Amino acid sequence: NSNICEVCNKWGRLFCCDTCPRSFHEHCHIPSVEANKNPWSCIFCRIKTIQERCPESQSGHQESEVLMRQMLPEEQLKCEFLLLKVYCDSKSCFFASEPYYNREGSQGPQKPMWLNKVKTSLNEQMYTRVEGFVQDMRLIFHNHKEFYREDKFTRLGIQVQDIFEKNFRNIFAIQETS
């Protein structure tokens, strides 16, 4: 097994996957690493199994059909993995915790949003369709772009949004286009 957390790239108290060489801090894994379960398989392994069981699940999909899917166990899992892929980027620190807004010339968003809030919402099964989760994720970056205006810090929202969108297209096998 790796000697650093796959998500935050630090050492510490690490739980090791039984079916691959990744390791995780308890609350870096999504869902939080399960109490018992020997053997234990990480989210990466669980996602790969879904693909292996149904190879056709990788054929292209329309985003509009994906968003309307109900949050059954497989879709729940895929949103957890997509959330985890965003936390994997170090720039996710800017979007993880509850923000506050006091900048000359800007007003804060009407509906603030942050990663840890999306994490809790997933854990609490508050999303009934994929659309709920994706809307909150895209709202994080949209709020950031609007608040920071022409400050160059706006670019952090572009960058982390791009990580989200690339992983959304991969995980949900969105049809490739020009």
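Note that residue numbering begins at 1 and tracks the sequence as displayed.
Undergrad: Per the PDB record, is the mean Cα temperature factor higher over 42 to 50 or over 113 to 121?
TA: On average, C-alpha B-factors are higher across 42 to 50.
Undergrad: Averaging C-alpha B-factors over each stretch, which comes out higher, 96 to 104 or 83 to 91?
TA: Mean CA B-factor is higher for 96 to 104.
Undergrad: So among 69, 138, 29, 149, who wins on Cα B-factor in the entry?
TA: Top of the list by C-alpha B-factor: 149.
Undergrad: Using the temperature factors of the C-alpha atoms in this entry, rank residue 129 within its chain: lowest, middle or highest third.
TA: Within its chain, residue 129 is a lowest-third residue by C-alpha B-factor, going by the deposited values.
Undergrad: How does the C-alpha B factor of residue 161 compare with the rest of the chain: lowest, middle or highest third?
TA: Within its chain, residue 161 is a lowest-third residue by C-alpha B-factor, going by the deposited values.
Undergrad: Split into thirds by Cα B-factor across the chain's modelled residues, where does residue 154 land: lowest, middle or highest?
TA: For residue 154, whose C-alpha B-factor we compare with every modelled residue in the chain, the answer is the middle third.
Undergrad: By the recorded C-alpha temperature factor, relative to the other modelled residues in its chain, which third is residue 143 in?
TA: It falls in the bottom third of the chain.
Undergrad: Please place residue 167 in the lowest, middle or highest third of its chain by C-alpha B factor as given in the entry.
TA: For residue 167, the deposited C-alpha B-factor lands in the lowest third.
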